[PDB]
>>> print(open('coords36.pdb').read())   # PDB, C-alpha atoms (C1' of nucleotides)
ATOM      1  CA  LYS A  30     -17.608 113.811  98.680
ATOM      2  CA  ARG A  31     -14.650 116.271  99.249
ATOM      3  CA  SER A  32     -11.194 117.143  97.730
ATOM      4  CA  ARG A  33      -8.139 115.073  98.878
ATOM      5  CA  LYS A  34      -5.554 116.683 101.291
ATOM      6  CA  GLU A  35      -2.351 114.534 101.504
ATOM      7  CA  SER A  36      -0.272 114.361 104.773
ATOM      8  CA  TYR A  37       2.497 112.341 106.512
ATOM      9  CA  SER A  38       0.306 111.136 109.440
ATOM     10  CA  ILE A  39       0.099 107.433 108.257
ATOM     11  CA  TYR A  40       3.959 107.316 107.975
ATOM     12  CA  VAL A  41       4.223 108.905 111.473
ATOM     13  CA  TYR A  42       1.795 106.198 112.882
ATOM     14  CA  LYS A  43       3.852 103.357 111.310
ATOM     15  CA  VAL A  44       7.105 104.871 112.819
ATOM     16  CA  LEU A  45       5.325 105.439 116.204
ATOM     17  CA  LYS A  46       4.230 101.752 116.333
ATOM     18  CA  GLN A  47       7.839 100.712 115.442
ATOM     19  CA  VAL A  48       9.249 102.852 118.293
ATOM     20  CA  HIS A  49       6.511 102.771 121.038
ATOM     21  CA  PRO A  50       4.029 100.001 120.086
ATOM     22  CA  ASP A  51       1.755 100.798 123.139
ATOM     23  CA  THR A  52       1.374 104.592 122.471
ATOM     24  CA  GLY A  53      -1.172 106.782 120.614
ATOM     25  CA  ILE A  54      -0.925 110.406 119.344
ATOM     26  CA  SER A  55      -3.507 113.269 119.657
ATOM     27  CA  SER A  56      -4.656 115.023 116.397
ATOM     28  CA  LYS A  57      -3.059 118.313 117.583
ATOM     29  CA  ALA A  58       0.326 116.573 118.015
ATOM     30  CA  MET A  59      -0.026 114.620 114.731
ATOM     31  CA  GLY A  60      -0.406 118.101 113.203
ATOM     32  CA  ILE A  61       2.825 119.224 114.937
ATOM     33  CA  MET A  62       4.667 116.122 113.594
ATOM     34  CA  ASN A  63       3.315 116.893 110.052
ATOM     35  CA  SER A  64       4.526 120.574 110.297
ATOM     36  CA  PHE A  65       7.948 119.289 111.507
ATOM     37  CA  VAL A  66       8.398 116.859 108.521
ATOM     38  CA  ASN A  67       7.265 119.589 106.082
ATOM     39  CA  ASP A  68       9.600 122.175 107.684
ATOM     40  CA  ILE A  69      12.637 119.815 107.523
ATOM     41  CA  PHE A  70      11.658 118.729 103.980
ATOM     42  CA  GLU A  71      11.759 122.363 102.628
ATOM     43  CA  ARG A  72      15.002 123.057 104.548
ATOM     44  CA  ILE A  73      16.990 120.075 103.118
ATOM     45  CA  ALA A  74      15.443 120.515  99.622
ATOM     46  CA  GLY A  75      16.227 124.295  99.781
ATOM     47  CA  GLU A  76      19.900 123.907 100.805
ATOM     48  CA  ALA A  77      20.134 120.912  98.424
ATOM     49  CA  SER A  78      19.003 123.186  95.534
ATOM     50  CA  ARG A  79      21.316 126.086  96.641
ATOM     51  CA  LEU A  80      24.221 123.539  96.628
ATOM     52  CA  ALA A  81      23.334 122.381  93.065
ATOM     53  CA  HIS A  82      22.972 125.963  91.686
ATOM     54  CA  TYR A  83      26.203 127.184  93.479
ATOM     55  CA  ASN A  84      28.112 124.326  91.668
ATOM     56  CA  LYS A  85      26.220 124.688  88.319
ATOM     57  CA  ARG A  86      24.696 121.121  88.588
ATOM     58  CA  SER A  87      21.098 120.722  87.223
ATOM     59  CA  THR A  88      20.750 117.443  89.223
ATOM     60  CA  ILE A  89      20.097 117.184  93.004
ATOM     61  CA  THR A  90      21.823 113.837  93.880
ATOM     62  CA  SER A  91      21.854 111.919  97.208
ATOM     63  CA  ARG A  92      25.299 113.710  97.416
ATOM     64  CA  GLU A  93      23.461 117.073  97.735
ATOM     65  CA  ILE A  94      20.780 115.789 100.222
ATOM     66  CA  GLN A  95      23.770 114.389 102.268
ATOM     67  CA  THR A  96      25.693 117.759 102.273
ATOM     68  CA  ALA A  97      22.367 119.619 102.906
ATOM     69  CA  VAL A  98      21.855 117.414 106.016
ATOM     70  CA  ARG A  99      25.509 117.964 107.157
ATOM     71  CA  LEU A 100      24.938 121.815 106.967
ATOM     72  CA  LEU A 101      21.388 121.866 108.493
ATOM     73  CA  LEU A 102      21.612 119.182 111.268
ATOM     74  CA  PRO A 103      23.867 119.532 114.365
ATOM     75  CA  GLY A 104      26.874 117.166 114.923
ATOM     76  CA  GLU A 105      25.372 113.985 116.480
ATOM     77  CA  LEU A 106      21.899 114.277 114.785
ATOM     78  CA  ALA A 107      23.738 114.880 111.413
ATOM     79  CA  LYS A 108      26.088 111.799 111.783
ATOM     80  CA  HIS A 109      23.089 109.462 112.381
ATOM     81  CA  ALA A 110      20.865 111.089 109.715
ATOM     82  CA  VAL A 111      23.872 110.735 107.327
ATOM     83  CA  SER A 112      24.136 107.052 108.459
ATOM     84  CA  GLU A 113      20.345 106.205 108.264
ATOM     85  CA  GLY A 114      20.398 108.008 104.821
ATOM     86  CA  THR A 115      23.481 106.225 103.335
ATOM     87  CA  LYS A 116      22.147 102.861 104.700
ATOM     88  CA  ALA A 117      18.742 103.384 102.953
ATOM     89  CA  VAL A 118      20.523 104.388  99.626
ATOM     90  CA  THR A 119      22.836 101.297  99.579
ATOM     91  CA  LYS A 120      19.917  98.877 100.397
ATOM     92  CA  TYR A 121      17.801 100.533  97.570
ATOM     93  CA  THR A 122      20.623 100.403  94.907
ATOM     94  CA  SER A 123      21.434  96.703  95.726
ATOM     95  CA  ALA A 124      17.696  95.688  95.473
ATOM     96  CA  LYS A 125      17.465  97.239  91.911
TER      97      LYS A 125
ATOM     98  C1'  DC J   1      34.035 142.324 196.469
ATOM     99  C1'  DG J   2      33.947 139.192 192.006
ATOM    100  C1'  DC J   3      31.562 135.718 190.938
ATOM    101  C1'  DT J   4      27.746 133.757 189.937
ATOM    102  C1'  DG J   5      23.715 132.522 189.639
ATOM    103  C1'  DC J   6      19.891 133.375 188.290
ATOM    104  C1'  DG J   7      16.558 135.353 186.195
ATOM    105  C1'  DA J   8      15.342 137.316 182.834
ATOM    106  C1'  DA J   9      15.275 138.886 178.066
ATOM    107  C1'  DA J  10      16.258 138.336 173.847
ATOM    108  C1'  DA J  11      16.324 136.381 170.321
ATOM    109  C1'  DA J  12      16.636 131.792 168.188
ATOM    110  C1'  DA J  13      14.672 128.734 167.121
ATOM    111  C1'  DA J  14      11.657 125.199 167.206
ATOM    112  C1'  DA J  15       7.863 123.076 167.455
ATOM    113  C1'  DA J  16       3.530 122.657 166.704
ATOM    114  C1'  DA J  17      -0.767 123.873 165.767
ATOM    115  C1'  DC J  18      -3.741 125.477 161.898
ATOM    116  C1'  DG J  19      -5.445 125.795 157.299
ATOM    117  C1'  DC J  20      -4.583 125.828 152.831
ATOM    118  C1'  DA J  21      -3.219 124.222 148.342
ATOM    119  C1'  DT J  22      -1.503 120.339 145.486
ATOM    120  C1'  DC J  23      -1.904 115.168 144.727
ATOM    121  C1'  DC J  24      -4.367 110.976 143.999
ATOM    122  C1'  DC J  25      -8.076 107.837 144.191
ATOM    123  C1'  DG J  26     -11.975 105.366 141.417
ATOM    124  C1'  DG J  27     -16.110 105.561 138.888
ATOM    125  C1'  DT J  28     -18.789 109.047 135.258
ATOM    126  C1'  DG J  29     -19.488 109.854 130.573
ATOM    127  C1'  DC J  30     -18.015 111.951 126.124
ATOM    128  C1'  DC J  31     -15.529 112.377 122.195
ATOM    129  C1'  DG J  32     -11.949 111.586 119.276
ATOM    130  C1'  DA J  33      -8.779 108.210 118.233
ATOM    131  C1'  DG J  34      -8.256 104.127 115.835
ATOM    132  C1'  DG J  35      -9.939 100.841 112.637
ATOM    133  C1'  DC J  36     -12.712  99.107 109.224
ATOM    134  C1'  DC J  37     -15.407 100.109 103.896
ATOM    135  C1'  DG J  38     -14.767 101.245  99.136
ATOM    136  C1'  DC J  39     -12.507 103.780  95.678
ATOM    137  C1'  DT J  40      -9.856 106.853  93.244
ATOM    138  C1'  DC J  41      -5.559 108.992  91.562
ATOM    139  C1'  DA J  42      -0.666 108.936  92.323
ATOM    140  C1'  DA J  43       3.238 105.584  92.422
ATOM    141  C1'  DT J  44       5.439 101.589  89.570
ATOM    142  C1'  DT J  45       6.898  99.059  85.135
ATOM    143  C1'  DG J  46       9.525  99.267  81.331
ATOM    144  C1'  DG J  47      11.576 101.363  77.717
ATOM    145  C1'  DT J  48      12.915 105.454  74.560
ATOM    146  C1'  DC J  49      15.833 109.426  73.997
ATOM    147  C1'  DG J  50      19.280 112.941  74.741
ATOM    148  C1'  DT J  51      22.289 115.382  77.632
ATOM    149  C1'  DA J  52      24.222 116.252  82.579
ATOM    150  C1'  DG J  53      28.162 114.902  84.706
ATOM    151  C1'  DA J  54      32.341 111.752  85.074
ATOM    152  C1'  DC J  55      37.276 111.492  83.293
ATOM    153  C1'  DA J  56      41.393 112.488  81.270
ATOM    154  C1'  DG J  57      44.044 115.617  80.875
ATOM    155  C1'  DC J  58      45.963 121.093  79.636
ATOM    156  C1'  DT J  59      46.800 125.526  81.490
ATOM    157  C1'  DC J  60      48.503 129.518  84.316
ATOM    158  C1'  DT J  61      46.591 131.464  89.217
ATOM    159  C1'  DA J  62      47.318 132.016  93.092
ATOM    160  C1'  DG J  63      48.315 130.254  97.047
ATOM    161  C1'  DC J  64      52.443 128.483 100.449
ATOM    162  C1'  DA J  65      57.862 129.394 102.025
ATOM    163  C1'  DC J  66      61.859 132.000 102.686
ATOM    164  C1'  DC J  67      63.972 136.476 103.733
ATOM    165  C1'  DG J  68      65.726 140.219 105.999
ATOM    166  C1'  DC J  69      64.702 146.071 106.635
ATOM    167  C1'  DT J  70      61.514 149.053 109.036
ATOM    168  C1'  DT J  71      58.536 150.179 111.860
ATOM    169  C1'  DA J  72      54.426 150.230 114.677
ATOM    170  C1'  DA J  73      52.309 147.574 117.701
ATOM    171  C1'  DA J  74      52.670 143.830 121.780
ATOM    172  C1'  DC J  75      54.322 143.248 126.250
ATOM    173  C1'  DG J  76      54.651 144.844 130.868
ATOM    174  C1'  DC J  77      54.929 147.138 135.236
ATOM    175  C1'  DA J  78      53.999 150.756 138.202
ATOM    176  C1'  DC J  79      51.193 154.222 140.014
ATOM    177  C1'  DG J  80      47.095 156.002 141.096
ATOM    178  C1'  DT J  81      42.113 157.067 140.482
ATOM    179  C1'  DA J  82      37.555 156.241 139.348
ATOM    180  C1'  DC J  83      34.505 152.750 139.559
ATOM    181  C1'  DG J  84      31.959 148.266 141.422
ATOM    182  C1'  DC J  85      30.316 146.670 145.306
ATOM    183  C1'  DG J  86      27.940 145.997 149.736
ATOM    184  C1'  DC J  87      25.279 147.621 153.888
ATOM    185  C1'  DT J  88      21.294 150.476 155.737
ATOM    186  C1'  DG J  89      17.173 153.199 155.971
TER     187       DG J  89
END
>>> encode(input="coords36.pdb", output="structure tokens")
Amino acid sequence: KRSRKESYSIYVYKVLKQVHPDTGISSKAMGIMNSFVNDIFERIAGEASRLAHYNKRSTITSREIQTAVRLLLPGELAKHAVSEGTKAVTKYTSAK
DNA sequence: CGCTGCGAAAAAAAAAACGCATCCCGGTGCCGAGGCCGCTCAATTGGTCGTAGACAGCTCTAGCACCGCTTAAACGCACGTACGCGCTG
């Protein structure tokens, strides 16, 4: 048929339907959301990595992703992202 | 005479007429979203190994107080000049 290009578009849909259940999203914009995710992936991973290296750690922990997010994101956005991030970690650990 | 009243006359200014552009209404029609079909490869399980990082301390650096001598800046005020600021043609 054709090779398989991955995305984030299905995970954007799910989050869109959670947030505005009566709303669609044009291809062109779904692109722009994809780009966005990808951009803010590379940025948090990047700074995460730099943090690890700078401190001689070979392991990127949640602790790095957290500090990455505190450096990249502005005050309010950071707080929440730190909160939604910590929440997710706790609820994953406790599930096993 | 002065006052005044009026009658312009002069703008103001208003109003209103015109005509133009921006909105919105309601029925077309087209295409891409959104939703199914299979299906395939990437995530999960579970479980083995070995080493990154947590800790418990051991060292000696280097960063924080205190302390007067000695200046070179700071504060500051007064006087005056060059510049910033605004109006017009």
>>> resolve_selection(input="coords36.pdb", expression="the PyMOL selection byres ((chain A) within 9 of (chain J))", output="ChimeraX atom specification")
/A:53-56,86-88
>>> residues_around(input="coords36.pdb", residues="range 108-122 of chain A", least_positions_apart="2", cutoff="8 Å", atoms="all atoms listed in the file", output="list in words")
residues 95, 98, 99, 104, 105, 106, 124 and 125 of chain A
>>> axis_aligned_box(input="coords36.pdb", around="range 36-47 of chain A", padding_each_side="4 Å", output="AutoDock Vina command-line options")
--center_x 3.8 --center_y 107.5 --center_z 110.6 --size_x 16.1 --size_y 21.6 --size_z 19.6
>>> resolve_selection(input="coords36.pdb", expression="the PyMOL selection byres ((chain A and resi 73) around 12)", output="mmCIF file with C-alpha atoms, keeping the file's coordinate frame")
data_model
loop_
_atom_site.group_PDB
_atom_site.id
_atom_site.type_symbol
_atom_site.label_atom_id
_atom_site.label_comp_id
_atom_site.auth_asym_id
_atom_site.auth_seq_id
_atom_site.Cartn_x
_atom_site.Cartn_y
_atom_site.Cartn_z
ATOM 1 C CA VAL A 66 8.398 116.859 108.521
ATOM 2 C CA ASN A 67 7.265 119.589 106.082
ATOM 3 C CA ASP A 68 9.600 122.175 107.684
ATOM 4 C CA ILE A 69 12.637 119.815 107.523
ATOM 5 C CA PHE A 70 11.658 118.729 103.980
ATOM 6 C CA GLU A 71 11.759 122.363 102.628
ATOM 7 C CA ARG A 72 15.002 123.057 104.548
ATOM 8 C CA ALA A 74 15.443 120.515 99.622
ATOM 9 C CA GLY A 75 16.227 124.295 99.781
ATOM 10 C CA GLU A 76 19.900 123.907 100.805
ATOM 11 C CA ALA A 77 20.134 120.912 98.424
ATOM 12 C CA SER A 78 19.003 123.186 95.534
ATOM 13 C CA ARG A 79 21.316 126.086 96.641
ATOM 14 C CA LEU A 80 24.221 123.539 96.628
ATOM 15 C CA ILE A 89 20.097 117.184 93.004
ATOM 16 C CA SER A 91 21.854 111.919 97.208
ATOM 17 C CA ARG A 92 25.299 113.710 97.416
ATOM 18 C CA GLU A 93 23.461 117.073 97.735
ATOM 19 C CA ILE A 94 20.780 115.789 100.222
ATOM 20 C CA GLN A 95 23.770 114.389 102.268
ATOM 21 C CA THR A 96 25.693 117.759 102.273
ATOM 22 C CA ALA A 97 22.367 119.619 102.906
ATOM 23 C CA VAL A 98 21.855 117.414 106.016
ATOM 24 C CA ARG A 99 25.509 117.964 107.157
ATOM 25 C CA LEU A 100 24.938 121.815 106.967
ATOM 26 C CA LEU A 101 21.388 121.866 108.493
ATOM 27 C CA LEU A 102 21.612 119.182 111.268
ATOM 28 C CA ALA A 107 23.738 114.880 111.413
ATOM 29 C CA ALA A 110 20.865 111.089 109.715
#
>>> atom_distance(input="coords36.pdb", atom1="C1' of residue 39 in chain J", atom2="CA of residue 30 in chain A")
11.6 Å
>>> resolve_selection(input="coords36.pdb", expression="the PyMOL selection byres ((chain J and resi 42) around 12)", output="short mmCIF file (atom, residue, chain, number, x, y, z; two decimals) with C-alpha atoms (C1' of nucleotides), in the frame of the given file")
data_model
loop_
_atom_site.label_atom_id
_atom_site.label_comp_id
_atom_site.auth_asym_id
_atom_site.auth_seq_id
_atom_site.Cartn_x
_atom_site.Cartn_y
_atom_site.Cartn_z
CA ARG A 33 -8.14 115.07 98.88
CA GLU A 35 -2.35 114.53 101.50
"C1'" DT J 40 -9.86 106.85 93.24
"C1'" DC J 41 -5.56 108.99 91.56
"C1'" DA J 43 3.24 105.58 92.42
"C1'" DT J 44 5.44 101.59 89.57
#
>>> atom_distance(input="coords36.pdb", atom1="CA of residue 85 in chain A", atom2="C1' of residue 59 in chain J")
21.7 Å
>>> residues_near_point(input="coords36.pdb", point="(0.7, 113.9, 106.6)", cutoff="12 Å", atoms="all atoms listed in the file", output="list in words")
residues 33, 34, 35, 36, 37, 38, 39, 40, 41, 42, 43, 56, 58, 59, 60, 61, 62, 63, 64, 65, 66 and 67 of chain A
>>> atom_distance(input="coords36.pdb", atom1="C1' of residue 64 in chain J", atom2="CA of residue 84 in chain A")
26.2 Å
